[PDB]
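Step one of this worksheet: look at the structure below.
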Amino acid sequence: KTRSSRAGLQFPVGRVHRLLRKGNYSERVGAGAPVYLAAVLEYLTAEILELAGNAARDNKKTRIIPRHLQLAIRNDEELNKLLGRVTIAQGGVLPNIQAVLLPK
Amino acid sequence: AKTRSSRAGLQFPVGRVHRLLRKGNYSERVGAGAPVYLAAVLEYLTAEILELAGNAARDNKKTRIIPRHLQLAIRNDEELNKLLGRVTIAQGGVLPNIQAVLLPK
Amino acid sequence: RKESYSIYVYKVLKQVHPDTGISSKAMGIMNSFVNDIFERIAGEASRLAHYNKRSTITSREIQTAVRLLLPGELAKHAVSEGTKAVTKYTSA
Amino acid sequence: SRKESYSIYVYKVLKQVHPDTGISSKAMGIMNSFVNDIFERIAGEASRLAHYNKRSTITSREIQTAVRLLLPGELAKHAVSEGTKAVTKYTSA
Amino acid sequence: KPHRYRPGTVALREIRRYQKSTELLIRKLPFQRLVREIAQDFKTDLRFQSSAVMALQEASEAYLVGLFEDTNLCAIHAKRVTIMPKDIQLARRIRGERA
Amino acid sequence: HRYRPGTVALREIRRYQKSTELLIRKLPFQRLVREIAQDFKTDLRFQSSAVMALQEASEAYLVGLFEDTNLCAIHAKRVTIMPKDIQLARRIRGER
Amino acid sequence: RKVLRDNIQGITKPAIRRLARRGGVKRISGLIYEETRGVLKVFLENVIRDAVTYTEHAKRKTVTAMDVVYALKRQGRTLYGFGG
Amino acid sequence: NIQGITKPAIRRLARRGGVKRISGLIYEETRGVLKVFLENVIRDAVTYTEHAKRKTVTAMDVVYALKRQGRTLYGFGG
DNA sequence: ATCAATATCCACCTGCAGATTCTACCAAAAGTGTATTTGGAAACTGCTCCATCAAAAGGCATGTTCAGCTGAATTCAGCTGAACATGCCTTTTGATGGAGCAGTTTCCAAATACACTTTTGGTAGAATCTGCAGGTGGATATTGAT
DNA sequence: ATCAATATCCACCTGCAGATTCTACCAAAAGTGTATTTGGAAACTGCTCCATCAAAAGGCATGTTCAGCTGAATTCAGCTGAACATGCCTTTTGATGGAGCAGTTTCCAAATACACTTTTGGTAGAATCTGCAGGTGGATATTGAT
Ligand SMILES: [Cl-]
Ligand SMILES: [Cl-]
Ligand SMILES: [Mn+2]
Ligand SMILES: [Mn+2]
Ligand SMILES: [Mn+2]
Ligand SMILES: [Mn+2]
Ligand SMILES: [Mn+2]
Ligand SMILES: [Mn+2]
Ligand SMILES: [Mn+2]
Ligand SMILES: [Mn+2]
């Protein structure tokens, strides 16, 4: 009977509502706003874990580590733009050598 | 009837700033000193810019500050330039600056 | 005591990859991520309601915030999911 | 229809620092944008501060920290001076 | 003579001229048409306050002038005096405007 | 046996672009951080994760800066980064 | 009103030259003019798109200076002088 | 102290940035750049420390400092 | 070109340590039912200000010619920076005690919100004041051909 | 080492569009009284963080050698600047019709408030089980000698 399940979500509608009330964002908060916001957060999280799960089996580990999240963010054009000024700790960089640096 | 600005020794309006802090959803409560402090800083930075732009307006032999003078005042002052480093002044132009390598040999 | 999103990030991970787990550090990275996007959308929602002299943040502000912040396809799917969740929630 | 702005206060400060000098209305519009911009940056940074410290009230202490965080170097020292001076003078009735 | 300034003298004359002044450098009507064409592809039947078009032109001209400054530094860095498309792309790339 | 100049350099690029370990030794970096902090506030303590956060940010920043420096060197038809490359990159980034 | 086509070509070669002069450029290769038109068009799309989003959220049919100002601010291109 | 950041370590950072050949003046230039970086971030983090009346700079202080500076970091409580 | 010799990835083990996951308990937060208020949508309308046109005039875009001098290509050698061996000192790792200090209570005295009431500073508009734009001179550099 | 050509600077001049002052109403500050919250001030915990310790590996400092990158020098085809004729189309100034902001009123779907019940999520140990540190031995690549 929780709001999450009533909206068909894993992310906590109730907690998102409290964080919106207490974050000094506006006098009042509609009922659908935490639902809509919870759904966007769950979708972006599903999108990243989708690709980073892939990066992890493409490497023969059960377990997503920060390097996998970095590879998933940076090889996807739209997630890379969204996280353009963000540093993933222990993510390293994408392998990339300028053509002119290569031999022969 | 004493205005809070006159109590604080300020030209900027402490009462308006207080209302602006309340109506802006910055926090549930606003201390009595916050609008005084903020209105003083806003007044100070305004005086700082008007001083330098007045001077530019006089170097240009003009009685009236125009946006161009505001630009010269900001971009010629290292700290104002940093503070307004991501700001555009409409009708400000740029600073006269020709890279040396381009001047005739 | 000390809230985070770990439990919900784990639930979404099992949905998309039942076989796969996640390390402590990588969980901390997803927590940063959720908190970041939350504050981006909520702050943008906040300014939208203020610009329009409204005291309520409704799902319509959240949607415009999402349109302004997410880049293109991310925006279309995010707007679909939110629209769906509000519908399903309202219905039952 | 009644539109507030900072124009009369900018003009007073102008007269203080340059009694002989005036200002085109376009330059006044740039000054108005300046005041409102710095207002939101300070207030916003003070809003975060109070929130990180689980405090419900924005006080002159939050304003001062925000000022230190926002203004470069000498500009901060002098703003803090004026701000501290106005507050102590305000509280002394 | 007939008199004829040498290549570069008038260009430097124009740098000095346009760095003294603050007037918009793109013609107004053509720019307003550009704004309405782009807006028309996003939402049809839009109207514009006239200061909304001037705000866009002021912002667009400050952006390009700023971009041209950085472009010039990239050209001079390559031991050239002539800006080339590769300079704009380097500047835009280091600014984080392009991947 | 003797590898020719640049062959080991490319090998190091592939080694280090493949990995994610911090590339500055811990104790020099921690000593440098405490010194800098001392010029703003005295008898300061640090959480260890505070220092790790600073080192993670400092290395990601310097690696990113070396990418833009490298592009500026390539642009000048060189393969060697020089101070002027760093200086151009920092000028275009608005750090100067 | 007549239908608007190809108006990026109204950004003329001499207007681009002038902009480059204010930016300090002495010499301009021939291909710079179409790069500039491409860059300017990307710039205006990003800002106008955001501006129109603010308009539509306010349920207006008129793009206001404020819409453009809030859009400029979001893009990190804050503009002074049109705050009305 | 800043020469604690050694030439081999600067090379390793450049390597990860894809650099192949490094001029000799680079290392001192890199130390000065790193010093401005650390000054700017630590100044801000310590301002968050002093405002909370604390003697201990926390991970969160650094996280907030890095966000202020446009250098958002994931993984340390924000 | 290819063959021979040297050196480095990197795919593939195993046996743990350690880091995840798995369980159970329980305060703090989410949910609920019930009552009550209110922001803001809907309708209605005044009246900006936007779209559009008209016309005349000349500022400026265009297209062309012509060649100055810039960028692009090429050669080359001085010398800078890569590779590598070697000897050493700074970092890493460990532990162990203690203390500096977060972080937490329970707290009233001070401080802040809020409804009414009254006072006045601030704004819109019409009335007045006046820089300086935009002309018209020559005075002075500044450039480029001899 | 001098002069024609040309642009740029510098004064003075004025009336008119744009700024400054005037004015009278009124929205929103300030005053008062009172109901509610807060956050600093007291005495505590129990940690993380600092401080020595101290031995030891491996990462760095150093000196040698030379490959090959950088930049200096040189050459020249042809791109781009300067100048000019030509005439299109921007600019300026009003006109006017009406779209659609923006201002008021009404009143309800939706928000807050509150007392109480249920369930969730944090936590911290017990019970898994993943992947790191090493080995190795073949894959692949580089470098010298032809
Ligand atoms: Cl809602
Ligand atoms: Cl206060
Ligand atoms: Mn179209
Ligand atoms: Mn109401
Ligand atoms: Mn050349
Ligand atoms: Mn040689
Ligand atoms: Mn009065
Ligand atoms: Mn004049
Ligand atoms: Mn549970
Ligand atoms: Mn291993």
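In the structure tokens, chains take letters A, B, ... by order of appearance, with residues numbered from 1 within each chain and ligands from 1 in the order shown.
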
- [ ] Select the residues contacting ligand 9 at a distance of at most 10 Å, based on only C-alpha atoms (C1' of nucleotides) and all ligand atoms, then format the selection as number ranges by chain.
- [x] C: 7; I: 24; J: 119-122

Writing out the chosen residues with C-alpha atoms (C1' of nucleotides) as a PDB file, in the first residue's frame:
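Output saved as part.pdb:
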ATOM      1  CA  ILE C   7      18.485  -0.340  -1.349  1.00  0.00           C
TER       2      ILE C   7
ATOM      3  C1'  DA I  24      16.889 -10.425  12.455  1.00  0.00           C
TER       4       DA I  24
ATOM      5  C1'  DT J 119       5.828  -0.909   7.865  1.00  0.00           C
ATOM      6  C1'  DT J 120      10.131   0.208   6.234  1.00  0.00           C
ATOM      7  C1'  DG J 121      15.198   0.845   6.168  1.00  0.00           C
ATOM      8  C1'  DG J 122      19.381   1.140   8.822  1.00  0.00           C
TER       9       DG J 122
END

If we count only C-alpha atoms, which residues of chain H reach to within 6 Å of chain C? Please list them as a PyMOL selection string. chain H and resi 74-75+78

How would the residues just picked look written out with N, CA, C and O atoms as a compact mmCIF listing (two decimals), in the first residue's frame?
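Printed below is again30.txt as written:
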# COMPACT_ATOMS: atom_id res chain seq x y z
N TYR H 74 31.99 12.31 -7.72
CA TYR H 74 31.09 11.27 -7.25
C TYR H 74 31.86 10.27 -6.42
O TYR H 74 33.01 9.94 -6.76
N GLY H 75 31.23 9.79 -5.35
CA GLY H 75 31.78 8.71 -4.54
C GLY H 75 32.21 9.05 -3.12
O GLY H 75 32.74 8.17 -2.45
N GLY H 78 28.73 12.52 -1.78
CA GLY H 78 28.03 13.38 -2.70
C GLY H 78 28.90 13.32 -3.94
O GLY H 78 30.11 12.97 -3.82

Margin query: Counting only C-alpha atoms, a student should be able to say which residues of chain E come within 12 Å of chain F; what is the right answer, written as a list in words?
Written below: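 Residues satisfying the distance criterion: residues 66, 67, 68, 69, 70, 71, 72, 73, 74, 75, 76, 77, 78, 79, 80, 84, 86, 87, 88, 89, 90, 91, 92, 93, 94, 95, 96, 97 and 99 of chain E.
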
Across D:38, D:67, D:28, D:58, the smallest distance to chain A, with only C-alpha atoms counted, is shown by D:58

Taking only C-alpha atoms (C1' of nucleotides) and all ligand atoms into account, which residues are within 10 Å of ligand 5, as a CSV table (one decimal) with C-alpha atoms (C1' of nucleotides), in the first residue's frame?
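What follows is the written file part17.csv:
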chain,number,residue,atom,x,y,z
E,79,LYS,CA,52.6,29.9,-36.0
E,80,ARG,CA,49.9,31.3,-38.2
E,81,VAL,CA,48.2,34.7,-38.5
I,69,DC,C1',52.9,37.9,-48.7
I,70,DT,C1',51.2,33.9,-46.1
I,71,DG,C1',50.9,29.0,-45.5
I,72,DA,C1',52.6,24.8,-46.9

Exercise for the section: Residues within 10 Å of ligand 3 should be enumerated using only C-alpha atoms (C1' of nucleotides) and all ligand atoms and returned as a ChimeraX atom specification. Expected result: /E:36-44 /G:3-6

Go ahead and write the residues just picked, N, CA and C atoms, as a compact mmCIF listing (two decimals), in the first residue's frame.
# COMPACT_ATOMS: atom_id res chain seq x y z
N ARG E 36 13.53 34.00 -35.88
CA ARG E 36 12.16 33.52 -36.08
C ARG E 36 12.13 32.19 -36.85
N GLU E 37 13.03 32.00 -37.79
CA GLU E 37 13.10 30.72 -38.49
C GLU E 37 13.43 29.58 -37.52
N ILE E 38 14.44 29.77 -36.68
CA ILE E 38 14.80 28.73 -35.73
C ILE E 38 13.68 28.52 -34.72
N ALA E 39 13.15 29.61 -34.14
CA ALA E 39 12.03 29.45 -33.21
C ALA E 39 10.85 28.77 -33.88
N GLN E 40 10.56 29.11 -35.15
CA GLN E 40 9.39 28.57 -35.84
C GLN E 40 9.47 27.04 -35.96
N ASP E 41 10.68 26.49 -36.10
CA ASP E 41 10.85 25.05 -36.08
C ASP E 41 10.67 24.44 -34.70
N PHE E 42 10.69 25.23 -33.64
CA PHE E 42 10.48 24.58 -32.36
C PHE E 42 9.02 24.60 -31.96
N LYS E 43 8.42 25.78 -31.97
CA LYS E 43 7.00 25.97 -31.71
C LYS E 43 6.47 26.95 -32.74
N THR E 44 5.36 26.62 -33.38
CA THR E 44 4.80 27.49 -34.40
C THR E 44 3.99 28.60 -33.74
N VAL G 3 6.99 32.56 -45.80
CA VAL G 3 7.71 31.50 -45.11
C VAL G 3 9.21 31.78 -45.11
N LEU G 4 9.84 31.54 -43.96
CA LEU G 4 11.24 31.88 -43.72
C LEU G 4 12.16 30.72 -44.10
N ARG G 5 13.06 30.94 -45.06
CA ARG G 5 13.99 29.90 -45.45
C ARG G 5 15.40 30.47 -45.58
N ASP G 6 16.38 29.62 -45.28
CA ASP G 6 17.81 29.86 -45.50
C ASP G 6 18.34 31.14 -44.84

Excluding same-chain residues fewer than 2 positions from range 93-106 of chain J, what lies within 12 Å of it counting only C-alpha atoms (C1' of nucleotides), as JSON, numbers by chain?
{"D": [1, 2], "E": [45, 46, 47, 49], "G": [58, 59, 60, 61, 62, 63, 64], "I": [40, 41, 42, 43, 44, 45, 46, 47, 48, 49, 50, 51, 52, 53, 54, 55, 56], "J": [91, 108]}

Filtering to C-alpha atoms (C1' of nucleotides), could you give me those residues as a PDB file, in the first residue's frame?
ATOM      1  CA  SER D   1       1.203  47.687 -12.793  1.00  0.00           C
ATOM      2  CA  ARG D   2       4.023  48.534 -10.381  1.00  0.00           C
TER       3      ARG D   2
ATOM      4  CA  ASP E  45       2.878  30.757 -34.029  1.00  0.00           C
ATOM      5  CA  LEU E  46       5.367  32.251 -31.563  1.00  0.00           C
ATOM      6  CA  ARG E  47       5.537  35.996 -30.973  1.00  0.00           C
ATOM      7  CA  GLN E  49       8.996  41.027 -27.630  1.00  0.00           C
TER       8      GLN E  49
ATOM      9  CA  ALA G  58       4.106  29.942 -18.683  1.00  0.00           C
ATOM     10  CA  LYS G  59       1.328  29.196 -21.232  1.00  0.00           C
ATOM     11  CA  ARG G  60       2.294  32.195 -23.338  1.00  0.00           C
ATOM     12  CA  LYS G  61       2.567  32.616 -27.097  1.00  0.00           C
ATOM     13  CA  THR G  62       5.154  35.417 -26.736  1.00  0.00           C
ATOM     14  CA  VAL G  63       8.857  34.876 -26.088  1.00  0.00           C
ATOM     15  CA  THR G  64       9.872  37.529 -23.585  1.00  0.00           C
TER      16      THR G  64
ATOM     17  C1'  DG I  40      -4.518  29.170  -8.705  1.00  0.00           C
ATOM     18  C1'  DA I  41      -7.502  27.835 -12.604  1.00  0.00           C
ATOM     19  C1'  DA I  42     -11.322  29.545 -15.088  1.00  0.00           C
ATOM     20  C1'  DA I  43     -13.690  33.250 -16.857  1.00  0.00           C
ATOM     21  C1'  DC I  44     -13.854  37.932 -18.158  1.00  0.00           C
ATOM     22  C1'  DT I  45     -11.869  42.099 -19.904  1.00  0.00           C
ATOM     23  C1'  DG I  46      -8.832  46.362 -20.388  1.00  0.00           C
ATOM     24  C1'  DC I  47      -5.360  48.051 -23.173  1.00  0.00           C
ATOM     25  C1'  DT I  48      -0.115  47.171 -24.082  1.00  0.00           C
ATOM     26  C1'  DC I  49       2.651  46.173 -27.676  1.00  0.00           C
ATOM     27  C1'  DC I  50       3.397  43.020 -31.420  1.00  0.00           C
ATOM     28  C1'  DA I  51       2.912  41.946 -36.637  1.00  0.00           C
ATOM     29  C1'  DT I  52       2.629  44.080 -40.581  1.00  0.00           C
ATOM     30  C1'  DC I  53       2.671  47.246 -43.840  1.00  0.00           C
ATOM     31  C1'  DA I  54       4.210  51.690 -46.610  1.00  0.00           C
ATOM     32  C1'  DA I  55       7.940  54.560 -48.628  1.00  0.00           C
ATOM     33  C1'  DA I  56      12.125  56.904 -49.322  1.00  0.00           C
TER      34       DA I  56
ATOM     35  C1'  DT J  91      16.913  51.131 -41.883  1.00  0.00           C
ATOM     36  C1'  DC J 108     -13.127  24.222  -5.624  1.00  0.00           C
TER      37       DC J 108
END

task: Within 10 Å of chain A, which residues of chain D are there when counting only C-alpha atoms? Please give them as a list in words.
output: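 Residues satisfying the distance criterion: residues 47, 48, 51 and 56 of chain D.
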
Using N, CA, C and O atoms, can you write the selected residues to a file as an mmCIF file, in the first residue's frame?
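What ended up in result.cif:
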data_model
loop_
_atom_site.group_PDB
_atom_site.id
_atom_site.type_symbol
_atom_site.label_atom_id
_atom_site.label_comp_id
_atom_site.auth_asym_id
_atom_site.auth_seq_id
_atom_site.Cartn_x
_atom_site.Cartn_y
_atom_site.Cartn_z
ATOM 1 N N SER D 47 21.718 29.609 1.380
ATOM 2 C CA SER D 47 20.706 28.564 1.532
ATOM 3 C C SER D 47 21.339 27.188 1.631
ATOM 4 O O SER D 47 20.937 26.365 2.460
ATOM 5 N N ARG D 48 22.338 26.920 0.799
ATOM 6 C CA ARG D 48 23.030 25.647 0.885
ATOM 7 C C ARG D 48 23.706 25.494 2.237
ATOM 8 O O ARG D 48 23.548 24.467 2.910
ATOM 9 N N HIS D 51 21.565 24.557 4.935
ATOM 10 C CA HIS D 51 21.043 23.211 4.751
ATOM 11 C C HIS D 51 22.075 22.143 5.130
ATOM 12 O O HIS D 51 21.771 21.227 5.902
ATOM 13 N N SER D 56 17.709 25.774 10.145
ATOM 14 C CA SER D 56 16.489 26.249 9.517
ATOM 15 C C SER D 56 16.490 27.749 9.258
ATOM 16 O O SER D 56 15.531 28.260 8.666
#

Near-ligand residues for ligand 8, threshold 10 Å, only C-alpha atoms (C1' of nucleotides) and all ligand atoms, as a ChimeraX atom specification
/I:132-135

Within 6 Å of ligand 2, which residues show up when you count only C-alpha atoms (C1' of nucleotides) and all ligand atoms? List them as a JSON list (two decimals) with C-alpha atoms, in the first residue's frame, please.
[["chain", "number", "residue", "atom", "x", "y", "z"],
["B", 31, "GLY", "CA", 17.53, 36.32, 11.02],
["B", 32, "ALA", "CA", 17.21, 40.02, 11.67],
["B", 33, "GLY", "CA", 20.84, 40.56, 10.69],
["B", 34, "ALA", "CA", 20.90, 38.70, 7.36],
["D", 59, "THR", "CA", 21.59, 34.44, 9.68],
["D", 60, "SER", "CA", 24.26, 37.05, 9.10]]

Taking only C-alpha atoms (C1' of nucleotides) into account, what are the residues of chain B at most 12 Å from chain J, put as number ranges by chain?
B: 1-5, 13-19, 28-31, 63-65

If you count only C-alpha atoms (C1' of nucleotides) and all ligand atoms, which residues end up within 12 Å of ligand 1, as a short mmCIF file (atom, residue, chain, number, x, y, z; two decimals) with N, CA and C atoms (P, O5', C5', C4', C3', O3' and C1' of nucleotides), in the first residue's frame?
data_model
loop_
_atom_site.label_atom_id
_atom_site.label_comp_id
_atom_site.auth_asym_id
_atom_site.auth_seq_id
_atom_site.Cartn_x
_atom_site.Cartn_y
_atom_site.Cartn_z
N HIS A 17 9.34 12.79 -1.65
CA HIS A 17 8.44 13.85 -1.21
C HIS A 17 8.99 14.59 0.00
N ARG A 28 4.93 24.73 -1.32
CA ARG A 28 4.08 23.55 -1.33
C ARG A 28 4.57 22.58 -2.39
N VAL A 29 4.11 21.33 -2.31
CA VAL A 29 4.54 20.29 -3.25
C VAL A 29 3.34 19.42 -3.62
N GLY A 30 3.01 19.38 -4.90
CA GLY A 30 1.92 18.55 -5.39
C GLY A 30 2.17 17.08 -5.13
N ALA A 31 1.09 16.30 -5.25
CA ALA A 31 1.18 14.87 -4.97
C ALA A 31 1.89 14.12 -6.08
N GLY A 32 1.72 14.55 -7.33
CA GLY A 32 2.35 13.82 -8.41
C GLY A 32 3.81 14.16 -8.62
N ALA A 33 4.27 15.27 -8.05
CA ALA A 33 5.65 15.70 -8.26
C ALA A 33 6.64 14.68 -7.75
N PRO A 34 6.55 14.19 -6.51
CA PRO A 34 7.50 13.14 -6.08
C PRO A 34 7.40 11.89 -6.90
N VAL A 35 6.20 11.55 -7.36
CA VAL A 35 6.03 10.37 -8.21
C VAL A 35 6.81 10.56 -9.51
N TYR A 36 6.54 11.66 -10.21
CA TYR A 36 7.21 11.95 -11.47
C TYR A 36 8.73 12.00 -11.28
N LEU A 37 9.18 12.70 -10.24
CA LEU A 37 10.61 12.80 -9.97
C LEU A 37 11.21 11.44 -9.60
N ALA C 45 13.11 23.03 -11.13
CA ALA C 45 11.70 23.13 -10.80
C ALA C 45 11.43 24.34 -9.91
N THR C 56 3.70 26.28 -5.62
CA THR C 56 3.61 24.83 -5.65
C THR C 56 4.52 24.28 -6.74
N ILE C 57 5.27 23.24 -6.40
CA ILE C 57 5.99 22.45 -7.39
C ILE C 57 5.11 21.25 -7.73
N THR C 58 4.60 21.20 -8.95
CA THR C 58 3.79 20.08 -9.41
C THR C 58 4.55 19.29 -10.46
N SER C 59 3.99 18.14 -10.83
CA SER C 59 4.62 17.30 -11.83
C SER C 59 4.86 18.04 -13.15
N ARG C 60 4.09 19.08 -13.43
CA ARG C 60 4.34 19.86 -14.63
C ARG C 60 5.68 20.62 -14.55
N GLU C 61 6.01 21.20 -13.39
CA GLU C 61 7.34 21.78 -13.21
C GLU C 61 8.43 20.72 -13.32
N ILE C 62 8.21 19.52 -12.76
CA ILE C 62 9.22 18.47 -12.85
C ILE C 62 9.48 18.13 -14.31
N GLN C 63 8.42 18.12 -15.12
CA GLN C 63 8.56 17.71 -16.52
C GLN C 63 9.35 18.73 -17.31
N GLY C 82 7.94 9.24 -16.25
CA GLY C 82 7.27 10.03 -15.25
C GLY C 82 5.78 10.13 -15.51
N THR C 83 5.42 10.43 -16.76
CA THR C 83 4.02 10.45 -17.16
C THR C 83 3.31 9.14 -16.83
N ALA C 85 4.23 6.87 -14.50
CA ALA C 85 4.12 6.67 -13.06
C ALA C 85 3.00 7.51 -12.45
N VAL C 86 2.82 8.75 -12.92
CA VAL C 86 1.75 9.59 -12.41
C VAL C 86 0.39 9.02 -12.78
N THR C 87 0.27 8.47 -13.98
CA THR C 87 -0.97 7.84 -14.41
C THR C 87 -1.28 6.63 -13.53
N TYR C 89 -0.16 5.78 -10.71
CA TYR C 89 -0.40 6.16 -9.32
C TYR C 89 -1.80 6.71 -9.13
N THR C 90 -2.23 7.61 -10.02
CA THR C 90 -3.55 8.20 -9.90
C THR C 90 -4.65 7.15 -10.05
P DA J 109 -14.23 20.22 -7.55
"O5'" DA J 109 -12.89 19.43 -7.94
"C5'" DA J 109 -12.17 19.79 -9.11
"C4'" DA J 109 -10.66 19.87 -8.84
"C3'" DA J 109 -9.97 18.58 -8.41
"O3'" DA J 109 -8.62 18.60 -8.93
"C1'" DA J 109 -9.82 20.16 -6.66
P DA J 110 -7.46 17.61 -8.40
"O5'" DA J 110 -6.80 18.42 -7.20
"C5'" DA J 110 -6.03 19.57 -7.49
"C4'" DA J 110 -5.30 20.02 -6.25
"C3'" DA J 110 -4.47 18.94 -5.56
"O3'" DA J 110 -3.31 19.54 -5.03
"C1'" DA J 110 -5.96 19.84 -4.03
P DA J 111 -1.92 18.74 -4.91
"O5'" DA J 111 -1.27 19.35 -3.59
"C5'" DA J 111 -0.94 20.70 -3.54
"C4'" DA J 111 -1.37 21.29 -2.21
"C3'" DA J 111 -0.81 20.60 -0.99
"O3'" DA J 111 0.43 21.18 -0.66
"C1'" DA J 111 -3.11 21.22 -0.71
#

Starting from chain H, keep only residues with some atom at most 7 Å from an atom of chain A, counting only C-alpha atoms, and report them as number ranges by chain. H: 18, 20, 70-75

Go ahead and save the residues from that selection, with N, CA, C and O atoms, as a JSON list (two decimals), in the first residue's frame.
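What follows is the written file result09.json:
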[["chain", "number", "residue", "atom", "x", "y", "z"],
["H", 18, "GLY", "N", 47.17, 10.56, -22.37],
["H", 18, "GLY", "CA", 47.59, 10.29, -23.72],
["H", 18, "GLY", "C", 48.83, 11.01, -24.22],
["H", 18, "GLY", "O", 49.06, 11.03, -25.43],
["H", 20, "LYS", "N", 52.69, 11.51, -25.18],
["H", 20, "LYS", "CA", 53.79, 10.65, -25.61],
["H", 20, "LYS", "C", 55.18, 11.20, -25.27],
["H", 20, "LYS", "O", 56.07, 10.44, -24.86],
["H", 70, "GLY", "N", 32.91, 23.95, -9.89],
["H", 70, "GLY", "CA", 32.63, 23.28, -11.15],
["H", 70, "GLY", "C", 33.36, 21.97, -11.37],
["H", 70, "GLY", "O", 33.59, 21.58, -12.52],
["H", 71, "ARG", "N", 33.72, 21.28, -10.31],
["H", 71, "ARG", "CA", 34.49, 20.04, -10.39],
["H", 71, "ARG", "C", 33.78, 18.91, -9.65],
["H", 71, "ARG", "O", 34.39, 18.21, -8.84],
["H", 72, "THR", "N", 32.47, 18.75, -9.89],
["H", 72, "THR", "CA", 31.68, 17.76, -9.14],
["H", 72, "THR", "C", 32.34, 16.40, -9.14],
["H", 72, "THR", "O", 32.72, 15.88, -10.20],
["H", 73, "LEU", "N", 32.42, 15.80, -7.95],
["H", 73, "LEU", "CA", 33.05, 14.51, -7.69],
["H", 73, "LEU", "C", 32.02, 13.52, -7.16],
["H", 73, "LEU", "O", 31.24, 13.85, -6.25],
["H", 74, "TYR", "N", 31.99, 12.31, -7.72],
["H", 74, "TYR", "CA", 31.09, 11.27, -7.25],
["H", 74, "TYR", "C", 31.86, 10.27, -6.42],
["H", 74, "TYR", "O", 33.01, 9.94, -6.76],
["H", 75, "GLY", "N", 31.23, 9.79, -5.35],
["H", 75, "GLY", "CA", 31.78, 8.71, -4.54],
["H", 75, "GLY", "C", 32.21, 9.05, -3.12],
["H", 75, "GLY", "O", 32.74, 8.17, -2.45]]

**Study point:** 9 Å shell around ligand 6 using only C-alpha atoms (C1' of nucleotides) and all ligand atoms, listed as a list in words
**Key:**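 Going residue by residue within 9 Å of ligand 6, we get residues 77 and 78 of chain I; 66, 67 and 68 of chain J.
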